[PDB]
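> compute the structure for the input listed below.
(one chain, ligands or ions: 1)
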Amino acid sequence: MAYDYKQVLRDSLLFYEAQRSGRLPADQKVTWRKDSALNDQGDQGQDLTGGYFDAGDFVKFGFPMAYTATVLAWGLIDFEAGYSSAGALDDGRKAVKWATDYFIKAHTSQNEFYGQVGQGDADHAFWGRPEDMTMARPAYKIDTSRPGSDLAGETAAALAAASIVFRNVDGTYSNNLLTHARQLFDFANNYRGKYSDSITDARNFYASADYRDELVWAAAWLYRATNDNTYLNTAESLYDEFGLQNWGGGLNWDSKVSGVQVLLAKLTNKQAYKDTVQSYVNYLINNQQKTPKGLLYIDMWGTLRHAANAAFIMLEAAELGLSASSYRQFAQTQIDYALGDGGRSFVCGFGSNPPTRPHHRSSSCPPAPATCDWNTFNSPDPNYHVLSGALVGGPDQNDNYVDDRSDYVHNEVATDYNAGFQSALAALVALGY
Ligand SMILES: [Ca+2]
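Residues are numbered from 1 along each chain as shown. Provided below are the atomic coordinates:
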């Protein structure tokens, strides 16, 4: 009852601090985390340190990491007031920059981009503190011979969105972000292909369903960041060519459909895009399967992540003047469910009876020199460190849930899980809720 969205927003930022890879800053707030993955590098030894660990593991999966950055930047642009009111503007910007500083390093050549550091199996076979890793961490890339329109496109979108975020605060960085964004889009558009067909290790973790939506997504963001009509023309041309108006709605690391539509609706003010957004939202509120307690049930994987993403699309739709009151209200019910209106909180470190055993390695570990290994994973006790701000997978279609570390469905946590969620919190704060 009566949730402090400002504090939840601050908590979400703490989750991102807990996901930081590389050398941590002197002002780090989640201090149980230590410098790690300091040897991450490319084929020629290029520095690839930094970025975010994806979930409860230590692999740096570029596709969802870029998506996370784009959505976080998006919320900072449209609902900056929310961050400011929560006294978290600086931290919000730092969260975006932690990702973009890494994308810049990963962009080793104009048409070359590293999309992963660490191998799924080698990484997942280990359970412990990231600073204790001793296994090889291979880096995989996409290039003109092994394209990745989806990966390069999303990264371009994130860089372009970030360039807007930093336009005034750091003009030099903003310009740099944009240069990289422009080059990555050209690479993505001129060399068509799914990144997971090149970086095959990712096909079993973050396989891309289609790269066409990312191309439109990227062009749209570049137009917003440059005001260069060429990008708008390309965005709309591809939107029509690919027939996105007929694609299944939704917004998540894999599909940008609803994001593209609500974004283009804002940039062009065209009714057609607004119609598509309305039909999608009305469908969710009135028809999409929901749990008995009101939670949108879009899929078993990252259930809350899907509901929060939907909530964010609704908040963006409200900004277009589409049923603002009802759309904002429904979005709030989804966020409020995650915060505890379903009976318990599903945000670690927050509210009533929150999850205490997230499927997360670093938070499960006691401090050094005590050993952290699979026996720690096997502990009946709650994770040693509270993972403040992490949104877990959530309850089942019947609002049932059991806090279980081995349950990588209900207790999974990930950077993409908190993206739409965090931006939605920023919006609620901005709206004065
Ligand atoms: Ca896609």
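
> which residues does the residue in the stretch 101-250 of the chain that the ion sits nearest to contact?
Evaluated by Cβ to the ion, the stretch 101-250 of the chain has residue 213 as its residue closest to the ion, separated by 4.4 Å. (C-beta placed from N, C-alpha, C; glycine too.) The neighbours of residue 213, taking Cβ atoms under 8 Å, 6 or more residues apart in numbering as the test, are 242, 244, 247, 255-257, 260.

> test my guess that residue 223 contacts residue 266.
No - counting by Cβ atoms under 8 Å, residue 223 stays clear of residue 266, with 11.1 Å between them.

> what residues does the residue nearest the centre of the chain make contact with?
The chain has residue 68 as the residue nearest its centroid, 2.2 Å off, counting by Cα atoms, centre = their mean. With contact taken as Cβ under 8 Å, 6+ apart, residue 68 is in contact with 52, 99, 253, 415-416, 418-419.

> in helices, which of those residues fall?
Among these, DSSP state H puts 99, 415-416, 418-419 in helices.

> between the contacts of residue 68, which is closest to the ion?
When the contacts of residue 68 are compared against the ion (criterion: Cβ to the ion), the nearest one is residue 253, at 8.5 Å.

> circling back: where does the residue nearest to the centre of the chain land in three-state SS?
helix (DSSP: H, G, I helix; E, B strand; the rest coil).

> could you do residue 335 as well?
helix.

> I'd assumed residue 428 was in contact with it.
Yes - counting by Cβ under 8 Å, residue 428 is a contact partner of residue 335 at 6.5 Å.

> which neighbours do these two share?
residue 5.

> what about those two, which has more around it?
residue 335 (27 against 24; other Cβ atoms under 10 Å).

> need the contact list for the more buried one.
Counting by Cβ under 8 Å, 6+ apart, residue 335 makes contact with 5, 308, 311, 421, 424-425, 428.

> surely residue 105 meets residue 41?
No - counting by Cβ under 8 Å, residue 105 does not reach residue 41; the two are 9.5 Å apart.

> overlap in contacts of these two?
Contact criterion Cβ under 8 Å, 6+ apart; residues shared by residue 105 and residue 41: 47-49.

> so which of the contacts of residue 213 are also by the ion?
The subset of these within reach of the ion, by Cβ under 5 Å from the ion, is empty.

> farthest pair in these?
The distance between the two most remote of the contacts of residue 213 (Cβ to Cβ) is 12.5 Å, for 242 and 255.

> those two: who's more crowded?
Using other Cβ under 10 Å, the more surrounded residue of residue 242 and residue 255 is residue 255, with 21 against 17.

> what about the residue lying closest to the more buried one once chain neighbours are set aside, helix or strand, and which?
Take residue 255 and drop its neighbours on the chain: the residue closest to it by Cβ to Cβ, 6 or more residues apart in numbering is residue 213, 6.1 Å away. Taking DSSP states H and E as the criterion, the element that holds residue 213 is helix 212-226.

> pull out the buried residues from that helix.
212-226 (16 or more other Cβ atoms under 10 Å).

> tell me the helix or strand right after that helix.
helix 229-242.

> follow-up on the earlier one: I would like a PyMOL command selecting only the buried ones among the contacts of residue 213, please.
Typed into PyMOL, the line below selects the buried ones among the contacts of residue 213, using 16+ other Cβ under 10 Å:
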select buried, resi 242+244+247+255+256+257+260
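
> out of the shared contacts of residue 105 and residue 41, who's near the ion?
Restricting the shared contacts of residue 105 and residue 41 to those touching the ion (Cβ under 5 Å from the ion) yields no residues.

> which of the residues you listed sits closest to residue 122?
Closest to residue 122, out of all of the shared contacts of residue 105 and residue 41 and judged by Cβ to Cβ, is residue 48, at 16.1 Å.

> for the closest one, what are its contacts?
40-42, 60, 102, 105-106, 114, 117, 139.

> dihedrals phi and psi, it?
phi -130, psi 30 (degrees, to the nearest 10).

> apart from its neighbours in sequence, what residue is nearest it?
residue 40 (4.3 Å).
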